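Here's the structure, in structure tokens; my notes come after.
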Amino acid sequence: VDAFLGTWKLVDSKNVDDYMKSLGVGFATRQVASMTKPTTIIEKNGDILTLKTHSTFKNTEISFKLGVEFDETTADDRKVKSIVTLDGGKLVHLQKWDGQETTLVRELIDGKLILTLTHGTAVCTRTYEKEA
Ligand SMILES: CCCCCCCCCCCCCCCC(=O)O
């Protein structure tokens with residue numbers, strides 16, 4: 001996981017509105033989200049990973065061990081069962097609730113961190129660049 005660690009800032013986003021609409025996020029929150037550029041911080045302490053997402057709108061923090069299920073409350077206030085794993089070099093975060101699923105897949109391409117979010121038929125891609 002070591003190549004994922006650090007501070008990353010959003011530089012590009014495609015289809016976030018479609019993804020949020022699929023999740024049932026209301027139009028006013030979608031407005032703010034389409035204009036926010038979060039910072040994501042990924043840190044490790046032994047086998048515990050901490051993932052922070054900071055912005056002017058909402059802040060979230062989760063800590064987890066790879067491969068061990070945990071309870072998570074998401075930024076849009078879903079209560080989900082989550083698991084994060086390493087699969088083919090990608091960090092795969094699966095959230096399950098009410099019989100639904102959404103995946104958040106992070107992969108490193110050319111030194112950038114690409115986050116792909118899928119729910120239903122909606123696919124959003126967000127690109128993050130590393131801050132020194
Ligand atoms: C947490 C910053 C985004 C603000 C949007 C809050 C309501 C939508 C939340 C949808 C799930 C989280 C999306 C994560 C996107 C990312 O980390 O870039």
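Labels for the structure tokens follow display order: chains A, B, ..., residues from 1 in each chain, ligands from 1.
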**OP:** Go through the chains and note each residue within 7 Å of ligand 1, using only C-alpha atoms and all ligand atoms, then give the set as a list in words.
**Re:** residues 10, 20, 25, 29, 30, 33, 36, 38, 40, 53, 54, 55, 57, 58, 59, 60, 74, 75, 76 and 126 of chain A
**OP:** Write out as a PyMOL selection string all residues of chain A that DSSP puts in alpha helix (DSSP H) for this structure's backbone.
**Re:** chain A and resi 16-23+27-35
**OP:** Can you work out which one of A:93, A:14, A:65, A:119 has the shortest atom-to-atom distance to residue 43 (chain A), counting only C-alpha atoms?
**Re:** A:65
Subject >> For residue 11 (chain A): contacts at 12 Å, only C-alpha atoms, fewer than 3 positions along chain excluded, given as a VMD selection string >> reply: chain A and resid 8 14 35 to 40 112 to 115 125 to 131
Any chance you can output those residues with N, CA, C and O atoms as a PDB file, in the first residue's frame?
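Saved to selection19.pdb:
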ATOM      1  N   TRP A   8      -3.211  14.111  -1.353  1.00  0.00           N
ATOM      2  CA  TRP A   8      -3.610  14.140  -2.747  1.00  0.00           C
ATOM      3  C   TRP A   8      -4.698  15.190  -2.902  1.00  0.00           C
ATOM      4  O   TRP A   8      -5.584  15.304  -2.059  1.00  0.00           O
ATOM      5  N   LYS A  14     -15.124  13.624 -13.526  1.00  0.00           N
ATOM      6  CA  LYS A  14     -16.126  13.356 -14.547  1.00  0.00           C
ATOM      7  C   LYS A  14     -17.297  12.599 -13.929  1.00  0.00           C
ATOM      8  O   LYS A  14     -17.104  11.591 -13.229  1.00  0.00           O
ATOM      9  N   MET A  35     -18.569  21.635  -7.203  1.00  0.00           N
ATOM     10  CA  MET A  35     -17.606  22.722  -7.148  1.00  0.00           C
ATOM     11  C   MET A  35     -16.536  22.543  -6.086  1.00  0.00           C
ATOM     12  O   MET A  35     -15.646  23.385  -5.993  1.00  0.00           O
ATOM     13  N   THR A  36     -16.591  21.490  -5.288  1.00  0.00           N
ATOM     14  CA  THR A  36     -15.628  21.327  -4.215  1.00  0.00           C
ATOM     15  C   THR A  36     -14.453  20.515  -4.740  1.00  0.00           C
ATOM     16  O   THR A  36     -14.641  19.606  -5.555  1.00  0.00           O
ATOM     17  N   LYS A  37     -13.239  20.864  -4.303  1.00  0.00           N
ATOM     18  CA  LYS A  37     -12.023  20.130  -4.661  1.00  0.00           C
ATOM     19  C   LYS A  37     -11.397  19.572  -3.389  1.00  0.00           C
ATOM     20  O   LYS A  37     -10.578  20.245  -2.741  1.00  0.00           O
ATOM     21  N   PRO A  38     -11.724  18.341  -3.012  1.00  0.00           N
ATOM     22  CA  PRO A  38     -11.239  17.816  -1.739  1.00  0.00           C
ATOM     23  C   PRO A  38      -9.756  17.502  -1.774  1.00  0.00           C
ATOM     24  O   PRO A  38      -9.119  17.337  -2.825  1.00  0.00           O
ATOM     25  N   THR A  39      -9.217  17.389  -0.569  1.00  0.00           N
ATOM     26  CA  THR A  39      -7.907  16.810  -0.304  1.00  0.00           C
ATOM     27  C   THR A  39      -8.112  15.456   0.362  1.00  0.00           C
ATOM     28  O   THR A  39      -8.891  15.352   1.317  1.00  0.00           O
ATOM     29  N   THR A  40      -7.396  14.429  -0.110  1.00  0.00           N
ATOM     30  CA  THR A  40      -7.464  13.108   0.502  1.00  0.00           C
ATOM     31  C   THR A  40      -6.100  12.817   1.100  1.00  0.00           C
ATOM     32  O   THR A  40      -5.074  12.993   0.437  1.00  0.00           O
ATOM     33  N   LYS A 112      -0.383   9.584 -10.773  1.00  0.00           N
ATOM     34  CA  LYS A 112      -1.626  10.190 -10.338  1.00  0.00           C
ATOM     35  C   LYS A 112      -2.496   9.107  -9.726  1.00  0.00           C
ATOM     36  O   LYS A 112      -2.374   7.921 -10.065  1.00  0.00           O
ATOM     37  N   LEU A 113      -3.386   9.525  -8.829  1.00  0.00           N
ATOM     38  CA  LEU A 113      -4.295   8.611  -8.161  1.00  0.00           C
ATOM     39  C   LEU A 113      -5.648   8.767  -8.835  1.00  0.00           C
ATOM     40  O   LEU A 113      -6.206   9.871  -8.860  1.00  0.00           O
ATOM     41  N   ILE A 114      -6.150   7.686  -9.428  1.00  0.00           N
ATOM     42  CA  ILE A 114      -7.436   7.701 -10.131  1.00  0.00           C
ATOM     43  C   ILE A 114      -8.443   6.960  -9.279  1.00  0.00           C
ATOM     44  O   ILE A 114      -8.222   5.796  -8.932  1.00  0.00           O
ATOM     45  N   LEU A 115      -9.535   7.635  -8.927  1.00  0.00           N
ATOM     46  CA  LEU A 115     -10.598   7.052  -8.116  1.00  0.00           C
ATOM     47  C   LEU A 115     -11.801   6.840  -9.027  1.00  0.00           C
ATOM     48  O   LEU A 115     -12.296   7.793  -9.647  1.00  0.00           O
ATOM     49  N   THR A 125     -15.265   9.188 -12.451  1.00  0.00           N
ATOM     50  CA  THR A 125     -13.812   9.117 -12.360  1.00  0.00           C
ATOM     51  C   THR A 125     -13.272  10.433 -11.821  1.00  0.00           C
ATOM     52  O   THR A 125     -13.595  11.504 -12.363  1.00  0.00           O
ATOM     53  N   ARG A 126     -12.434  10.350 -10.783  1.00  0.00           N
ATOM     54  CA  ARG A 126     -11.814  11.514 -10.175  1.00  0.00           C
ATOM     55  C   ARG A 126     -10.318  11.334 -10.169  1.00  0.00           C
ATOM     56  O   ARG A 126      -9.816  10.271  -9.815  1.00  0.00           O
ATOM     57  N   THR A 127      -9.610  12.375 -10.547  1.00  0.00           N
ATOM     58  CA  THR A 127      -8.169  12.305 -10.655  1.00  0.00           C
ATOM     59  C   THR A 127      -7.559  13.193  -9.587  1.00  0.00           C
ATOM     60  O   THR A 127      -7.954  14.353  -9.450  1.00  0.00           O
ATOM     61  N   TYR A 128      -6.583  12.655  -8.863  1.00  0.00           N
ATOM     62  CA  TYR A 128      -5.902  13.349  -7.781  1.00  0.00           C
ATOM     63  C   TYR A 128      -4.409  13.397  -8.079  1.00  0.00           C
ATOM     64  O   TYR A 128      -3.839  12.439  -8.622  1.00  0.00           O
ATOM     65  N   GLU A 129      -3.781  14.517  -7.714  1.00  0.00           N
ATOM     66  CA  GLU A 129      -2.345  14.689  -7.863  1.00  0.00           C
ATOM     67  C   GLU A 129      -1.713  14.811  -6.485  1.00  0.00           C
ATOM     68  O   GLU A 129      -2.319  15.355  -5.557  1.00  0.00           O
ATOM     69  N   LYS A 130      -0.496  14.288  -6.361  1.00  0.00           N
ATOM     70  CA  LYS A 130       0.172  14.234  -5.069  1.00  0.00           C
ATOM     71  C   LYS A 130       0.731  15.595  -4.671  1.00  0.00           C
ATOM     72  O   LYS A 130       1.421  16.251  -5.458  1.00  0.00           O
ATOM     73  N   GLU A 131       0.448  16.000  -3.434  1.00  0.00           N
ATOM     74  CA  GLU A 131       0.990  17.218  -2.848  1.00  0.00           C
ATOM     75  C   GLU A 131       2.209  16.871  -2.003  1.00  0.00           C
ATOM     76  O   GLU A 131       2.150  15.978  -1.151  1.00  0.00           O
TER      77      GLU A 131
END
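Among the candidate residues A:77, A:19, A:68, A:1, the one lying nearest to residue 104 (chain A) is A:19, with distances computed using only C-alpha atoms.
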**OP:** Write out as an MDAnalysis selection string the residues lying within 12 Å of residue 80 (chain A), counting only C-alpha atoms and excluding same-chain residues fewer than 5 positions away.
**Re:** chainID A and resid 69:75 93:103
Subject >> Nearest to residue 34 (chain A), chosen from A:87, A:116, A:82, A:124, with only C-alpha atoms counted in the distances >> reply: A:124
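Each of A:79, A:89, A:18, A:7 was compared to residue 51 (chain A) using only C-alpha atoms, and A:7 turns out to be the nearest.
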